[PDB]
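*Asks:* so I pulled this structure from the PDB, and the sequence comes with it:
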Amino acid sequence: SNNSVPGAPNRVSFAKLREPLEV
Amino acid sequence: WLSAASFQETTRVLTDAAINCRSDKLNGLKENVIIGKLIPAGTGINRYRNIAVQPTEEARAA
Amino acid sequence: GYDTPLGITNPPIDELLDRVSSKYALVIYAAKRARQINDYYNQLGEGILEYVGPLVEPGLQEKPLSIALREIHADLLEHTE
Amino acid sequence: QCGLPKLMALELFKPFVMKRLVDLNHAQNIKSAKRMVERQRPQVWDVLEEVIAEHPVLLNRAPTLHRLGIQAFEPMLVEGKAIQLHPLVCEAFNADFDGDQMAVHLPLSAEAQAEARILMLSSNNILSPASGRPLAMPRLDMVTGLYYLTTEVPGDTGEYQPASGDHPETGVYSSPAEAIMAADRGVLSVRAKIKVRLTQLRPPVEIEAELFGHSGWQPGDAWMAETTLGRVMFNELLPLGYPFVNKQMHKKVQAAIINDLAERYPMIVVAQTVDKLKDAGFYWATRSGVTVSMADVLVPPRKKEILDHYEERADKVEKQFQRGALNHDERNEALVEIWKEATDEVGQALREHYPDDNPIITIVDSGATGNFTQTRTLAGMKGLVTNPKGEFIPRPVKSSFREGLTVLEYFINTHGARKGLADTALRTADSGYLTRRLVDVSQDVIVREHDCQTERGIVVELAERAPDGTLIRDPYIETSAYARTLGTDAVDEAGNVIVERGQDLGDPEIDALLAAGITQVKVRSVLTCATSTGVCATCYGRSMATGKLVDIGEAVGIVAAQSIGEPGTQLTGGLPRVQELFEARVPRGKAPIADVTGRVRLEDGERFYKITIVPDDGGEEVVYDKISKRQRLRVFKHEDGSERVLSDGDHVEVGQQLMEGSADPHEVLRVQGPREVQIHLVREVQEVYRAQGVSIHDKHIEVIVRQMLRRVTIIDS
Amino acid sequence: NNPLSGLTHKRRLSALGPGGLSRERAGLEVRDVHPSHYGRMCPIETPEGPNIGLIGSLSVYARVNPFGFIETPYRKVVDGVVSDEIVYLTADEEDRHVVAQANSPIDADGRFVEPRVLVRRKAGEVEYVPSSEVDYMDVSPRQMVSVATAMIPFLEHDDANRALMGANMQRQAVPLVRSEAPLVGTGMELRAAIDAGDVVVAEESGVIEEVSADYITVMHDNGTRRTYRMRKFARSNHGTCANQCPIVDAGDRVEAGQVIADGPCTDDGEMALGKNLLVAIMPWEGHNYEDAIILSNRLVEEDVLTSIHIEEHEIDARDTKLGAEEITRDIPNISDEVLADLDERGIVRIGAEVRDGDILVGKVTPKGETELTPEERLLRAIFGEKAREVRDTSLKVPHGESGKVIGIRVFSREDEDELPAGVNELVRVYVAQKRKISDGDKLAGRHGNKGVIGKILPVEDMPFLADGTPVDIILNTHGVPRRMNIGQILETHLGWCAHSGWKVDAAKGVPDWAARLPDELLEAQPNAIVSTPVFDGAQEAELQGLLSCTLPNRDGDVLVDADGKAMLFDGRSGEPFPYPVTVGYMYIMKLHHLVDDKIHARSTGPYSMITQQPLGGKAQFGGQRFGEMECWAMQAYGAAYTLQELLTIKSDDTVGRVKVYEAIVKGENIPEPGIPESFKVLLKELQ
Amino acid sequence: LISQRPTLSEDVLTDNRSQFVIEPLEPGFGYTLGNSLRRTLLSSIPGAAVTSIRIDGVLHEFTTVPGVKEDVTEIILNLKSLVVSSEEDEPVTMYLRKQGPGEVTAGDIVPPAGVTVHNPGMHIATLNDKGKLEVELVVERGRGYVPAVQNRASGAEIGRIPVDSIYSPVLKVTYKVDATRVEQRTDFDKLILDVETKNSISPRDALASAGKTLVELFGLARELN
Amino acid sequence: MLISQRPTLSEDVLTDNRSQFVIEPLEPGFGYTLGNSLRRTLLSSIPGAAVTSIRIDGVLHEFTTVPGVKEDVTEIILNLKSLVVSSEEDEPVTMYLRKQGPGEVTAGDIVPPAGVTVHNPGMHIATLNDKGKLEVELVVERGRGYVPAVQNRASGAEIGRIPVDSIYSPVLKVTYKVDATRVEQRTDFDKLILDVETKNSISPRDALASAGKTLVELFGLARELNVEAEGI
RNA sequence: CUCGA
Ligand SMILES: [Zn+2]
């Protein structure tokens, strides 16, 4: 899942690299 | 001097124009464009400009 | 030897350049005759010495430039350079 | 024609609409007629149609680079709020449809409408006034559509089969209408090779001679052809009586046909023929299956093997730099030539792997749009990218845009991409500045005389002689020989003259001198035209736009200035070299020249370079002093060997270039004369534009040089 | 224009201004990309006009220290081992180390897979280097790009030129009536919409007590109530419609920091700059000729690309030399029919639809008797209308405007409202137009692929798929391989896979193309949303594999092939198109470049008082400028009379223009041009 | 190879979708027949739609009603989904009064004699305790798609809110043909027309209207000069 | 629905067997709907007669050259395919063509059995060499449209008989285009232009009238379903 | 000042 922090819609990411620091 | 003052170095041309007291014969494309005359080119030359058109004597009844 | 000229291409620009010496001379020929036709339509109801009317048969609501350009194509006018 | 919105025409023709609203008694007075147009009463839309009838309008798209940037059209009331432009005039305006705007101007006076109807009409300006080649021609979708149906496909369905066994010949149709019915049911393909009996197309002049010959082919006479159904449909578009062409319609083929149509067939035929090509091209481009998908982006098969071989050579040059055997300034140049050779091997690996059915190849190979270098960057590799310095980075972008660049690969790519956009604004500023300088210097150059009668002219290299024999066509024929007029009868080895003096050099009239053995002609030039102010028409030659002799009164100076200033947007020599020439500067090259013909006395050293020349007749030795950083030009020595590096003992002529570079045009005048320095400036400017893919006729460059040498200085009063 | 344009403008970094540099004093070196801009200023987002390089956008993760330099975060590598410890480094601090690229192959423990890795060094040097030399590494792949640049999916497949235009045109999107989130996304749309500040986020957790189109009330856990008011149909700075709409319903438990309502260009909290349109890549009868666009009339019938626009009109009643301007319904020589839409005060009423030329505010100004034309004084005598010493100066609708009057605001000095000295009344009228997509309106995508609407065919004319569903937009193929923006092709493929869904063959293990994909991606439902992060995201090997397993329609038939193409039918003839065509879904944005604004024409009108030449600009009802280059074109043609006509009677001939207008309404011929008044001014200035 | 008169037989899939097979047809003829029917179905099938509406508390589209969750614009967009048929062929008025709380649906509308609502479960608005919705709906009968009629062109006064009217009752039309290309004396095409409607009319009624449309239209070539 | 009136049909006669028809004005966008349908109805659904197979005496296993005539085999087949013919009998009808001696063969030198009619007796067929003789048998059948020669393989007997392409349709070439015409204020209304070139079996008038009758019957199959309302 | 070609 992508951006599971505010309660947003579940957009599925083609992510192979983890995000160490959030925007 | 009118075609030159509108190109480059406006003050440098106007100074030497008033010193030499040059008179400009308004016979050029750039000059006639400024003053509003027909440009002496294309349909503006005296060959095509001053032309009279008259119908041939063969005419219809009415 | 060509398709029928449609719209503003009639009369054909090729045949019009035959009765004239150059492109620029045809402009003055057609314009000054178009002014003659226009002065006839505006001085037909008043005044004598009205300019010579349209030489060819005009179409309904035809512009005087098109009428003058057709009679130039029909060899009904002269010139003076 | 052009389509302009109804709301635009109402306000543009507002006083004319008010006039007709009061004539037809839709309005009582002209005052209420104005309120009717302002309120847009429904009667005005029926009246406005009567007003704009055959009343031309002017369309303009800035920047107005050349005179075709403004063209006249017949207005057609269209709904909506956008201006509808013809697809063929898109090349003249340089107008794409990504948000562009155009201006409309309404000529009022009778003379102004006549100038738009005759001089400025889009259909009367098909050729480029700068080069004479057409502009309103199939250019993008249209050329691909015509390239489709005029393709010969072997295994295509409905093809011709020779008679074998019990069945006779398969694939021979009695009428093109039968071939159409065959393709309708689904038996024949429009691109299959068949034999068709034709009855309304003139056969090729090759085969028309053997069938008839004594008399021209007649509309109604029959003959067989081995074409495709589409090639027949293509030949129907061009006018009747035109020789059948069984070629594959590339853009070069179409441009050659239209150029021959403009030379032979009249104007209105060319305009209506290209309208047919437009409609037919769009129809078959729609049904040509041209599409871009990720599957159509084929990647090189040996992509890994090629890059690993050059990563090997790069690792060896990097190891040759670790031991200090290569200078740091030389390592970059060594790796540059390795990756330049690598991108050539990847590009060649794409040309052969890509089939000709693939739409990405069909687009580039048909002359539609795009390079193959774009397809290589698309599927193979981007290659060496440039940093804001200028030199290529020692590490290339190995990934393709189909594969996906890395973060650092993208970052280094933006360096050259941004500065590429950045300098384009400055280069266009200096271009338009040079353009308006060329306008003012030649604004008053008009054709005022028919013929100045001077037999003076200049020799043009029609063709270059080959050592074994026969002849080789000179590359400068298009820009220096065509559209010229003669000032001296061309004489071959026989006493007969092939072309008279004062004859416009057409396309066959050049082959007449080519097949006659003569390789040099003396032509009338605007340089030698001895007229008080303007130039005579006979020395000018053929008006490239009109395709005939220039009319008296045409401002050829402004046309010449626009013709040179329009392509100035794309340069590198380069643009500063063009400014070095037109401004008569002491150039950067500062190449020396031979002031007197004689014997070369090369006294070269290493501290400096000094060269003397013993005059071939009288005189005394003339000593020069030059820096050793230059190199001598390989001068065509009297030995007939052009690669004779100037050593002592060579026989150089007067005004001969010594070392490479750019000889000072100021000094060329005070050596060979005004006639020769004008020729030097003409083909030196032409070299800069030729070395970029721009074909400007020498006529226009000569109009400028004539204005540079009109003045002389006073030595003694 | 949209929330993204506002967020980008707040994060802009400008070199121009006091203390910086003059535009004339800036060479090609200040504007180009610098190697220290990595992760600090975006190398893509910048205008392409005269302000290129001088105006940049701050990178996503970048920040500013109290000194003034821009810091960017990095992952501290201890001994060739990636650590989750993150430290911000300045520009010169970054040069004192070497950093590894974000997409480096890393062990699950943290050790680099290759000894030599692509590493950036001081002075913009990229080279391989031992794993024991890497000091830091990048946080995210998108660390170098701006927020708008990080919103372009498959950005790694687009050249920097079209990528610049894609980010610059995303800020030009128009807020539509309804908004759709894109099927193909990047993940940035969520945080970009929330941080923009045009949505409504819940400050504290709680439940929804009362929800209306006017306001939302939240009952907190402690017991307090916070009510958020919705901004409804408010005009933005650029005439776009800023309209917020509630998302939650009555009695919905909502956490803190969650979007309870979203505004313009937002769908469920994500930036919705456009719509998902069914696209076919094929030439179509020349109507999409070099960058032209063909649209389905469905987008007009269903308000897909319909947007709301609001214009502000204003007029004031002042004190004049002969009295005071008064706003009144009584206007001289005007029928009761034009004044029918006005109230008793002379103001247009709310809800009345007004075309151009309609009266909005009826204001009359007293004119002196000594200021009358001889014909006007005779015309006043021959109509017997005395006591009409006032003239009409009412506020009328400008040319090209039409819509419903939605709001009125009146300010009066009589009613304690402080107006500037000399004013007695001020009225502001808000007019809203509902603009459907029209011929010539400028559409564009996210990859710099722009174009105007060339033709809107009927829904039956459009090439339709096998099941009769017609495509929405027909994009030309020729304008694809030139621009080097393959991202639009890859978006079209992934766009269809999101529209249809997919199911990977689970039997006999996971296939060899989907081994890198997360398990959440192996099965998808129709109309699923996905993220393609910049410099990460979907690879072509996985995209090719998804096209092979696209979900069937309701009838069970697979419309598109594994190549991504599908068989279309010509809606004008009926015969199917001879070859398969790439068909999918692409996110198209409506840019703020509409023909409704950009159309203009003028017969006559106002003239500049000094030069006596026509005014400039559409707002001033001015004429086009026949510039210097255009005069060269006239002379090159030899069109002398057209040139004389343009520079005299059609411009600044004071007496020529009036006699021409009379000659046209009389049907006479065009008179002879006189002397330009501008040339008279030149002589009087040389004197 | 001689003529056999073609036959048309209907097959039903759901209550608003039917397939129609027409055979035998000449080779290459099935695609053009299926198109000419699809073209006429998607455009010129008569139907009824709502011309304008009138909410009491509002005077234009760009406002809100107290207590309702949707603005007037969003309510109008939800009303664009309404499917309705009218027997009057003249302007006729529907009414809707509902007091919150609760959801207003298309079934909450009271249609006059002649017209009827075909999806009483469509969401229209959400009302709370303070919400009250009172709407008038003018329903005319036309064909195709007509934009909202202007208030300057119509005699409608300020309170009336015109809406775009989508009069077409057909939803989705397609076709496929099966060509018999076996090389022999007999070749023929079989056309399979697929028609889906929006419960306003049944699929065969729509095809019948397109049938009378094209019978009338192609009858112009039969008259001599 | 609503009334859509004033659609008219006018005819311009280019040649005696080729005319242009204009249907004007039609509603948008009915010009394209009935455009390709009228063309395919003309080209594929008009009953006509044409040659199905021929058999040349002296030609058995060669099919390369016919002795005694200048034309080879395929050239004979071509100008035989363009032979215009009409028949009142639906079943196939065999005709014979024979002429000896030096001279020229024509389609008038053929002997037509009762019921069939050769409409171009002056059509050249073959040039007869000195002391030349030509015997050939023709097979005429009724049909519609265009059928390839391969499907007529069964019509020929195993004795030097060759099948030919059968141009059953009386019309030869039909093209159509759609322009725009404004009836009142809107310019969206279409104008359909039909260009039909036909054989001398029937005039373009009757060919269009035949296509109209068959099309009204075709869509009459759908009209009979309910007989609902629709504006005329 | 900011943007469009
Ligand atoms: Zn001369």
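*Replies:* That came through fine. Residues are numbered from 1 along each chain as shown, chains lettered A, B, ... in the order given.

*Asks:* dump the helix ranked longest in chain C to PDB, keeping only the CA atoms.
*Replies:* The residue-count maximum for a helix in chain C (DSSP state H) belongs to helix C:23-42. Coordinates of each C-alpha in helix C:23-42 appear next as PDB, following Å, rounded to 0.1, in the frame of the first residue of the first chain:
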ATOM      1  CA  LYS C  23       0.800  40.000 -61.400                       C
ATOM      2  CA  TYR C  24       1.000  43.600 -60.200                       C
ATOM      3  CA  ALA C  25      -0.700  45.000 -63.300                       C
ATOM      4  CA  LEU C  26      -3.700  42.800 -63.000                       C
ATOM      5  CA  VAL C  27      -4.300  44.200 -59.500                       C
ATOM      6  CA  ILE C  28      -4.700  47.800 -60.800                       C
ATOM      7  CA  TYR C  29      -6.800  46.700 -63.800                       C
ATOM      8  CA  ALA C  30      -9.300  44.800 -61.700                       C
ATOM      9  CA  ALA C  31      -9.400  47.300 -58.800                       C
ATOM     10  CA  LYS C  32     -10.000  50.400 -61.000                       C
ATOM     11  CA  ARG C  33     -12.700  48.600 -63.000                       C
ATOM     12  CA  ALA C  34     -14.300  47.400 -59.800                       C
ATOM     13  CA  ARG C  35     -14.500  51.000 -58.600                       C
ATOM     14  CA  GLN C  36     -16.200  51.800 -61.900                       C
ATOM     15  CA  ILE C  37     -18.800  49.100 -61.400                       C
ATOM     16  CA  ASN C  38     -19.400  50.200 -57.800                       C
ATOM     17  CA  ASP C  39     -19.900  53.800 -58.900                       C
ATOM     18  CA  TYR C  40     -22.400  52.600 -61.500                       C
ATOM     19  CA  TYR C  41     -24.500  50.800 -58.800                       C
ATOM     20  CA  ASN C  42     -24.400  53.800 -56.500                       C
END
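
*Asks:* ok, the residue in chain B positioned nearest to chain F - how many residues close by?
*Replies:* Proximity to chain F, evaluated over chain B using CB to the nearest CB, is greatest for residue B:60 at 35.8 Å. Where you see a C-beta, it was placed from the backbone N, CA and C, and this is true even at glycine. By other CB atoms under 10 Å in any protein chain shown, the residues close to residue B:60 number 10.

*Asks:* helix, strand, or coil at residue 23?
*Replies:* Went with chain A since none was named. Put simply, residue A:23 is coil when judged by DSSP: H, G, I helix; E, B strand; the rest coil.

*Asks:* that answer is for a different chain, and I need it for chain F
*Replies:* Quick answer, by three-state DSSP: residue F:23 is strand.

*Asks:* okay, residue F:173 and chain E: tell me how far apart.
*Replies:* For residue F:173, the distance to chain E (CB to the nearest CB, to the nearest Å) stands at 5 Å.

*Asks:* buried residues, the longest helix of chain C. List them.
*Replies:* In terms of neighbour count (16 or more other CB atoms under 10 Å in any protein chain shown), helix C:23-42 has its buried residues at C:23-39, C:41-42.

*Asks:* and stretch D:75-91, by the same measure?
*Replies:* By 16+ other CB under 10 Å, the buried positions in stretch D:75-91 come out as D:75-78, D:80-91.

*Asks:* just stretch D:224-233 next, same as before
*Replies:* Buried, per 16+ other CB under 10 Å, within stretch D:224-233: D:225, D:227-233.

*Asks:* secondary structure and distance to chain E for these - can I get that in a markdown table?
*Replies:* Below are the buried residues of stretch D:224-233 laid out as a markdown table (DSSP: H, G, I helix; E, B strand; the rest coil; distance: CB to the nearest CB, whole Å):
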| residue | secondary structure | distance to chain E |
| --- | --- | --- |
| D:225 | strand | 24 |
| D:227 | coil | 20 |
| D:228 | strand | 15 |
| D:229 | helix | 14 |
| D:230 | helix | 13 |
| D:231 | helix | 18 |
| D:232 | helix | 19 |
| D:233 | helix | 15 |
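
*Asks:* now, which of those sits nearest chain G?
*Replies:* For these, the nearest to chain G is residue D:233 (10.9 Å; CB to the nearest CB).

*Asks:* what about the residue most central in space within chain C, which helix or strand?
*Replies:* Geometric centre of chain C, nearest residue: residue C:68, 0.9 Å, by CA atoms, centre = their mean. Assigned by DSSP states H and E, residue C:68 belongs to helix C:64-73.

*Asks:* which strands or helices does that helix pack on?
*Replies:* helix C:13-16, helix C:23-42, helix D:110-114 (3 or more CB pairs under 8 Å, 6 or more residues apart in numbering or on different chains; DSSP states H and E).

*Asks:* by how many degrees do it and helix C:23-42 diverge?
*Replies:* Interaxial angle, helix C:64-73 versus helix C:23-42 (axes from the mean of the first three to the mean of the last three CA atoms, to 10 degrees): 120 degrees.

*Asks:* the residue of chain D found nearest the ion - nearest residue in space that isn't next to it in sequence?
*Replies:* For chain D and the ion, the shortest gap (CB to the ion) falls at residue D:529, measuring 2.6 Å. Once flanking residues are discounted, residue D:529 sits nearest to residue D:539: 3.8 Å by CB to CB, 6 or more residues apart in numbering or on different chains.

*Asks:* around the ion, which positions in chain F sit nearby?
*Replies:* Residues of chain F lying close to the ion (CB under 5 Å from the ion): none.

*Asks:* any chance you could map the helices in chain F?
*Replies:* Counting by DSSP H, the helices of chain F are F:30-41, F:72-79, F:203-218.

*Asks:* cool, the stretch 551-700 of chain D as well?
*Replies:* Assigned by DSSP state H, counting those that start in this stretch, the stretch 551-700 of chain D shows helices spanning D:556-565, D:575-582, D:665-672, D:674-690, D:698-708.

*Asks:* can you list the ones you listed in CSV and add mean neighbour count and distance to residue E:154?
*Replies:* Output for those, formatted as CSV (neighbours: other CB atoms under 10 Å in any protein chain shown; distance: least, CB to CB, whole Å):
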stretch, mean neighbour count, distance to residue E:154
helix D:556-565, 27, 41
helix D:575-582, 19, 37
helix D:665-672, 17, 54
helix D:674-690, 19, 40
helix D:698-708, 23, 47
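
*Asks:* near chain G too, which of the buried residues of stretch D:75-91?
*Replies:* By CB under 8 Å from any CB of the partner chain, the members of the buried residues of stretch D:75-91 lying near chain G are D:77-78.

*Asks:* how about the buried residues of stretch D:75-91, which pair is most distant?
*Replies:* By the measure CB to CB, D:77 and D:91 form the most distant pair in those, at 26.3 Å.

*Asks:* what sits against the closest residue to RNA strand H within the stretch 351-500 of chain D?
*Replies:* Proximity of the stretch 351-500 of chain D to RNA strand H (CB to the nearest atom of the strand) peaks at residue D:425, 8.7 Å away. The contact partners of residue D:425, by CB atoms under 8 Å, 6 or more residues apart in numbering or on different chains, come to E:50, E:52.

*Asks:* hang on, the earlier thing: now, the buried residues of stretch D:75-91 that are in strands?
*Replies:* Judged by DSSP state E, strands contain the following of these: D:75-78.

*Asks:* tell me the spacing between the nearest residue to residue D:509 once chain neighbours are set aside and residue D:263.
*Replies:* Distance criterion CB to CB, 6+ apart; nearest residue to residue D:509, sequence neighbours excluded, is residue D:499 at 5.5 Å. Plainly put, residue D:499 is 16 Å away from residue D:263 if you go by CB to CB, to the nearest Å.

*Asks:* can you check residue D:84 too?
*Replies:* Residue D:84 is 31 Å from residue D:263, where distance means CB to CB.

*Asks:* report how many residues lie close to residue 17.
*Replies:* Assuming you mean chain A. For residue A:17, the tally of surrounding residues (other CB under 10 Å) stands at 15.

*Asks:* that's the wrong chain, I wanted chain D
*Replies:* 27.

*Asks:* for the one 4 residues further on, same thing?
*Replies:* Here the count is done by other CB under 10 Å, and residue D:21 has 24 residues near it.

*Asks:* from what I can see it touches residue D:36, true?
*Replies:* Yes - shown here, residue D:21 and residue D:36 form a contact pair, counting by CB atoms under 8 Å, at 5.8 Å.
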